[PDB]
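Heads up, the thing below is written out as structure tokens.
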Ligand SMILES: Nc1ncnc2c1ncn2[C@H]1C[C@H](O)[C@@H](COP(=O)(O)OP(=O)(O)OP(=O)(O)O)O1
Ligand SMILES: Nc1ncnc2c1ncn2[C@H]1C[C@H](O)[C@@H](COP(=O)(O)OP(=O)(O)OP(=O)(O)O)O1
Ligand SMILES: Nc1ncnc2c1ncn2[C@H]1C[C@H](O)[C@@H](COP(=O)(O)OP(=O)(O)OP(=O)(O)O)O1
Ligand SMILES: Nc1ncnc2c1ncn2[C@H]1C[C@H](O)[C@@H](COP(=O)(O)OP(=O)(O)OP(=O)(O)O)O1
Ligand SMILES: [Mg+2]
Ligand SMILES: [Mg+2]
């Protein structure tokens, strides 16, 4: 018969026939009709005989189920199997993640639960038939689909002046306008964190130096007032006294009323340094607990320069014990006539920026001299000229133009963006040996996929309106264009049509190899064909914008949540192809593949003429001494490069 | 109506049936269904979380903390200790499902009022060149602020430092309250002191 | 209080708690007409419900162990009682017992 | 070692210990012709004997507590770990779990 049973943990025990009987009985006492031991005895006798003298618990339960689903009582088997499976799932939850398979920080687990429970229901009940079929067959990717039922937007550029000047009331929390540098930075961090919860993208602050400039003078005035209180003097003429720069100088060797004109500047510099050092640590820890971007560089004043040189020296020492800071993402705004040439006003700040980018990976560089960035309403004497300087985010997104409004990049943002796979569009028509027919079929299918993605974006726009203003407290009261005439229970459809709808692509080297012998980085004809298809998409986007009364733009997708979710589903359907579906990850939107070795000059020369057709966003990533960064910035200046992120 | 609220509702509704059907016993489920017992925070059952903790602030103030990729040096004033306390209270809320409390607020924040008193004195020494080495550990009965209507020598150079220390602790005690109240927009963290 | 520690309210908290419905038991014990047998039946039901509640709390405690210290970064490195002698991959069994279990009523 | 205390060896000792006869279990498993079956039977009997021994040690532990500290003046006033916090009439339950239980073999 059977002598020994091995438990699950590993213990060895003697065979006990009164254990199978009591287990079958508890499955017979949960059905419509129970039974006495008439069949239990037969099952146990059959199991005990025909054994191996040593059996496991699972090896006995398998036999129990096999016997139960074989003798006239198939209703006890289906109660036995389900209970066994539930107990197995319960025991597998002590060291694994079974609950995610059925459908580490607790907040992350809850967010994953929400995303997984939301995605399929949106995929089924909200999308139309044609768009659903297009999405199913690995054609188009709808970014942040989990947040679809929450009629949410992507990002916005914060007009920090409103908050800093009038105060903000969000819920039961109200805050007055600031009066020094130790509160303006905190209020900026509060605004970023608050608006992050209301949108599924990043947060950016344009004109970082301009907004905080007025709060460097206030600290100086407070220090002067406190300095004249213990001496009984009268320093009323120093309040509006112009200052060349807030440079710290040693105090020894002076006396009188010119010695205390420097103590105030010294302590003002110290306070501004501490404030800018707290900003970085806060925006790093909050993310490590939020996509944050700050752009600055086009201010010429003693206060803006002080802020720009304190931030650029607190980002040099790093965080903690010298560690580099991942956030916030810092961007330098370079213009011809402000801080570029050696004789311009802020050349030393530019030199410091180039030095810091060689140790701490930041800042980036945004070129204001490009054709698509220049604005005609700019004059370097208006104190509010920052409204006409373009700003970008760390997520590679641009919103400058507008067909029914001003050409500004403040208080505007993205509404939605979707990505179109074109490598499959090339493999699906790789069979043809004649080039002309192959290209014609490629274009014919590209037209249809573009129409489908435009219809999907229009439908998502139609769903995103009908959202009450109260659902977004901070965004639709202080941080959007017309968000000052909207009642709490009023639809935002009267101001929603000021954002950007993005159409992106992933992979162009692969498409050309699946089309012609090589990619754009080796063959000129492939480069011409790629430029042609990009221009065709841009013209179709213009037609869509004219037809649907919206704004459409072409984007180079950042490839942060779509790096791999396009090539596995093509390997499983088309097989391994040399140089196309044999690398793991597709190459980026229009870059140069990381394996085709090139120099910076050739890469820049080939990749430059795409930025004029990628108005929705583009990057110039170069892998690698301040001289190297200076050369990179000069190379960007020589061409129409819009955004660069050399490290 | 806020997106975070909708996501949390989805997550809780997803979690509850799994807890009912896979993790509870048969006698517990019958009592739960027949309106006998109520299990608090059942939506957080799969996340093996705790409810409450009393924060020891001296550990994170004398030394620093390294959570994730961030780091922080030990506090050296009153305008950074009151911020590190907020950071700890907001960071530990996402790892539990209850409330956060700070015991002995006065004891924990006391050793930094004195450090604030020793920097204004240093600035005064740098301005009016003296030594002032005996003012550091002078036993102060109270940090009360009074007007400077008539003083001279080493008696108004010691009241001025007290005035500045009081003005710097007021602006941090109000910042603590404002920061803990404004977590509604950014459920608001349940905090006690 | 602590049966295996010191009377310290620092670095300690609650693990979980459940509440017990008392009024339903009293409504169930309402057809009795002796004023002395009714209270005895109420107590008999209350004892069983308390036993089930304690069993549920113990089972939740057993599940709450086997949790790695690395999914509670700040709590199990600085803020808990013995957190300092723990490693990221170790479970919190050795220090979890300083918390409390709660039985409620309404 | 200590699962609920520090890893010291001062003021700690042994509560009781019991020994298990292994040779008799092997003599009983001697008529089996197959070697692997013999070893499996030996382990099956050893597991049961270990369970009974642990039960006996736990029962003796339960009896050993509820002993007044007055019965061991010096030991429960100065020599034990948690002593000096105990009244003469208080039992030693709170400080008895720092000892060790012993299973032995020959
Ligand atoms: N001692 C045994 N002798 C024979 N078969 C056994 C024995 N123990 C378990 N089995 C087999 C046959 C039973 O139908 C089946 C159910 O096991 P069960 O008695 O619930 O044990 P278990 O390992 O789950 O223990 P527990 O639930 O008490 O921790 O396992
Ligand atoms: N309520 C029930 N309904 C149906 N079948 C049951 C029920 N209770 C027990 N059984 C059956 C299937 C089980 O595998 C067997 C023994 O029950 P049980 O000991 O609870 O299961 P188990 O061994 O899978 O659990 P565990 O892993 O928790 O020890 O009897
Ligand atoms: N808002 C904040 N969020 C997170 N960390 C912060 C914040 N503000 C300050 N910190 C950090 C910066 C330091 O690492 C630490 C202590 O600050 P602080 O007292 O200025 O120390 P320190 O030694 O760097 O000062 P200093 O060099 O200016 O004399 O707290
Ligand atoms: N961390 C914070 N979070 C939110 N609001 C804050 C925070 N810190 C300060 N505040 C609020 C408090 C005030 O309402 C507002 C401006 O503070 P502050 O610069 O001290 O000016 P004030 O109006 O209090 O001036 P004064 O104290 O001179 O009268 O910001
Ligand atoms: Mg510092
Ligand atoms: Mg104030």
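Protein chains in written order, with the numbering used here: chain A, 1 to 647; chain B, 1 to 193; chain C, 1 to 106; chain D, 1 to 106.
Every residue gets a Cβ at the ideal spot worked out from N, C-alpha and C, and that includes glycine.
Counting of Cβ neighbours within 10 angstroms places residue 170(B) among the exposed residues, the total staying below 16. Around the beta carbon of residue 487(A), fewer than 16 other beta carbons lie within 10 angstroms, which makes this residue exposed. Positions of the alpha helix (DSSP H) runs, each at least 4 residues long and wholly inside the stretch 2 to 72 of chain B, are given as 3 to 18, 26 to 33, 57 to 62 in order along the chain. If you check the C-beta of residue 77(B) against ligand 3, you find a heavy atom less than 6 angstroms away. Between residue 15(C) and residue 74(C) a beta carbon distance of about 18 angstroms is seen, past the 8 angstroms cut, so the two are scored as non-contacting. Residue pairing by DSSP puts residue 55(A) in a beta bridge opposite 5(A).
Within 9 angstroms of the CB of residue 72(D), no CB atom of chain A is found; the nearest one sits about 38 angstroms away. Using a cutoff of 6 angstroms, the CB of residue 176(A) counts as near ligand 4, since one of the ligand's heavy atoms is closer than that.
As the crow flies, the alpha-carbon of residue 228(A) is around 7 angstroms from that of residue 235(A). Note that the C-beta distance between residue 592(A) and residue 521(A) is below 7 angstroms. One finds 50, 51 in chain B with Cβ atoms closer than 7 angstroms to the Cβ of residue 15(C), taken in chain order. Here the distance from the Cβ of residue 83(B) to the nearest heavy atom of ligand 3 is below 6 angstroms.
Closest in C-alpha terms to residue 530(A), from the list 337(A), 263(A), 116(A), 610(A), comes 610(A).
Shown here for residue 463(A): same chain residues with a beta carbon closer than 7 angstroms to its own, the five before and five after excluded, namely 151 in chain order. Within 6 angstroms of the C-beta of residue 73(A) there is not a single heavy atom belonging to ligand 2. Following the DSSP letters along the chain, one finds residue 512(A) in no beta strand (DSSP E) but inside the alpha helix (DSSP H) bounded by residues 509 to 515.
For residue 419(A), the pairing in a beta bridge is given by DSSP as 141(A), 504(A).
Within the same chain, Cβ atoms closer than 6 angstroms to the Cβ of residue 490(A) are found at 469, the five residues on either side in sequence being excluded.
In chain order, 35, 36, 37, 38 make up the part of chain B whose C-beta sits under 9 angstroms from the C-beta of residue 21(C). Per DSSP, the beta bridge partners of residue 332(A) are 296(A), 365(A). With a threshold of 7 angstroms between beta carbons, residue 80(D) makes no contact with chain C.
Nearest neighbour of residue 77(B) by Cα position, chosen from 179(B), 189(B), 184(B), 166(B), turns out to be 166(B).
Neighbours of residue 15(B) in chain A, taken as residues whose beta carbon is under 7 angstroms from its own, are 113 in chain order. No Cβ-Cβ contact shorter than 7 angstroms links residue 476(A) with residue 496(A).
At least one heavy atom of ligand 3 lies less than 6 angstroms from the C-beta of residue 281(A). With its beta carbon less than 7 angstroms from one in chain D, residue 11(A) belongs to the interface.
A distance criterion of 6 angstroms places the beta-carbon of residue 107(A) beyond contact range of ligand 3, judged by its closest non-hydrogen atom.
Look at residue 635(A) here: in three-state DSSP terms it is helix. With its beta carbon at least 7 angstroms from every one in chain A, residue 173(B) lies outside the interface. Secondary structure of residue 357(A) (DSSP, three-state): coil. Taking a 10 Å sphere around the C-beta of residue 620(A), we find 16 or more other C-beta atoms and assign the residue as buried. Distance from the CA atom of residue 115(A) to the CA atom of residue 146(A), rounded to whole angstroms, is 5 angstroms. Under a criterion of Cβ atoms nearer than 9 angstroms, no residue of chain A is adjacent to residue 56(D); the nearest Cβ is some 19 angstroms distant.
At a C-beta separation below 8 angstroms, residue 375(A) has no neighbours in chain B, since its nearest C-beta there lies roughly 34 angstroms away. Among the residues of chain C, those whose CB is under 9 angstroms from the CB of residue 105(A) are 71, 72, 73, following chain order.
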